[PDB]
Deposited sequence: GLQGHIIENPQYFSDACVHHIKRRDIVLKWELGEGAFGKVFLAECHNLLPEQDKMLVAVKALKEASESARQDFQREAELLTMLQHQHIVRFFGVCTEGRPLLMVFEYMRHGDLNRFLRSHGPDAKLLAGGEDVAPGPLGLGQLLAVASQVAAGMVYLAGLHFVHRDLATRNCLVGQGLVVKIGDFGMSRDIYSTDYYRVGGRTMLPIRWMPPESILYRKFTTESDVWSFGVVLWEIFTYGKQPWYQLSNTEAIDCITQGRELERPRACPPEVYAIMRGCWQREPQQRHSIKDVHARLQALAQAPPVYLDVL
C-alpha cells in the first residue's frame, strides 16, 4: 500500500493508549478504537483508531517501519492523520485519527436514494452540493499525492474515510481486499487487482502512473454519484476487463449532472497523456462544490 509507491516517525508510549474495542479485522491485522492520552495539547483524552500488526516477523517488522516512515511523510488536510507508532513490546501499533462514519463507500450506501439523517448529514439521499463536496475533498488529497509523485494504485471510495462534519480523507487500514473481496480480481494464489477502477494500460500493460490514478478518480466520482454502487456491477471480472480494454465507458449516473459527467469523461481518455490533471479536476469540482444554490439548482 505504501512501499513501491512513489527516525522521522513519532512514538507513543503503550500506557498512553487504552484499547476499547475492535472496529475491523483482516489477514495482516486488526483495528481498535482506543483512547489516547497526552497526544494533542488541547485534547487531554481523545479517540483514535489503532492498527495492530498481526505477525511481528523480521519482514513484517521492516514493512511496518517503512509504512510508518511513508505515513509520516504523507500528511495533509485530506489524508487520514497518522499520529505515530507504539513499538515498545508486541503487538506493534500504528495510531490514527478516528473517522466516525467509516469508509466512504459504506457512507454513500447508507445515504442513498432509498434513505436516516443525523448530526452531520440531512435526511434522505445526499444532495448535489454534498456529493460535490465529497468528490472535491477526495480530489484535493489526490492533488497532494500527485504533487509528491505518489501513485496510490487502489483509489476507490472503500479506501477513503469519512469523519465528523463529513470531512472526507484518503486512507485505509490495509484490509480492503478482506472486507471488499468482490472489488478485486484474484489472479495469483495471493494477488488481487482492483480491475474495475483500473485503466486499460494498467490492465493490459501493468503500468501504474499519476494518470492511472486520475482514471481511478474518474471511477471514484462515478461511485460518489451512484451512492457507492460497484462500477460494472452487472459484469463479471473477465467481462469487466473486456469492457475496459475495448474502451466502453461507464454510463452517466441518474444523479450526475452532464457537467460532472464531463469531468468523469476527462479522466477516462484512453491515452494517459490526454487525461486532465488532478489539479484541473479538483478546480472544477471545488468550483461546483462552492457554487451558489442558484447556480447548482439549474446544473
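Asker: Which parts of the deposited sequence have no C-alpha atoms in the model?
Answerer: No coordinates exist for the deposited residues in 7-15, 125-127, so these stretches are absent from the model.
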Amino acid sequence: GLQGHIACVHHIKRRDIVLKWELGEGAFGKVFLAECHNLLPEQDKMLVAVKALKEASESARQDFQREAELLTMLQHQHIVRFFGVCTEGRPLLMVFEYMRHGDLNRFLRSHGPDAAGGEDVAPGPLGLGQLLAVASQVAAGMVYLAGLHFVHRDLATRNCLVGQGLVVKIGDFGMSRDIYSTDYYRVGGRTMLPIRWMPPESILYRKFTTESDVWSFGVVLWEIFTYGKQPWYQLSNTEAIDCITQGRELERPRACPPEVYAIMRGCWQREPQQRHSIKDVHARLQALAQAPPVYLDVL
From here on, numbers count along this sequence of modelled residues.
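In this text, the rigid core denotes the largest set of C-alpha atoms whose superposition between the two forms falls within 1.5 Å.
Asker: Following superposition on the rigid core, is the mean squared CA displacement, expressed as RMS, greater for 136-144 or for 203-211 in 9 other deposited structures of this protein?
Answerer: Stretch with the larger root mean square C-alpha distance in 9 other deposited structures of this protein: 203-211.
Asker: After a rigid core fit, does 244-252 or 27-35 show more C-alpha displacement in 9 other deposited structures of this protein?
Answerer: Higher root mean square deviation of C-alphas in 9 other deposited structures of this protein is shown by 27-35.
Asker: Is it true that residue 117 has no coordinates in a third or more of the other entries in the comparison?
Answerer: Yes, a third or more of the compared structures omit it.
Asker: Go through the other compared entries with residues on either side of residue 102 and state whether a third or more give it no coordinates.
Answerer: No, modelled in all of them.
Asker: I need to verify one thing: averaged over C-alpha atoms only, is the B-factor higher for 76-84 or for 119-127?
Answerer: Going by the record's values, the stretch with the higher mean is 119-127.
Asker: For the C-alpha atoms alone, is the average B factor greater in 38-46 or in 233-241, going by the entry?
Answerer: Looking at the recorded C-alpha B-factors, 38-46 comes out higher on average.
Asker: Going by the CA temperature factor in the entry, name the top one among 60, 68, 33, 250.
Answerer: Comparing C-alpha B-factors across 60, 68, 33, 250, the top value belongs to 60.
Asker: What's the residue among 114, 172, 183, 213 with the greatest CA temperature factor in the PDB record?
Answerer: That would be 114, according to the entry.
Asker: Rank-wise, by C-alpha B-factor, drop residue 19 into the lowest, middle or highest third of its chain.
Answerer: It falls in the bottom third of the chain.
Asker: Please place residue 265 in the lowest, middle or highest third of its chain according to the CA B-factor in the PDB entry.
Answerer: Middle third, going by the recorded CA B-factors of the chain.
Asker: In terms of the chain's CA B-factor thirds, is residue 144 lowest, middle or highest?
Answerer: Middle third.
Asker: Of the three thirds of its chain by CA temperature factor, lowest, middle or highest, which one includes residue 200?
Answerer: Its C-alpha B-factor, which the entry lists for residue 200, ranks in the middle third among residues of this chain.
Asker: Could you say whether, by C-alpha temperature factor, residue 209 belongs to the lowest, middle or highest third of its chain?
Answerer: Within its chain, residue 209 is a middle-third residue by C-alpha B-factor, going by the deposited values.
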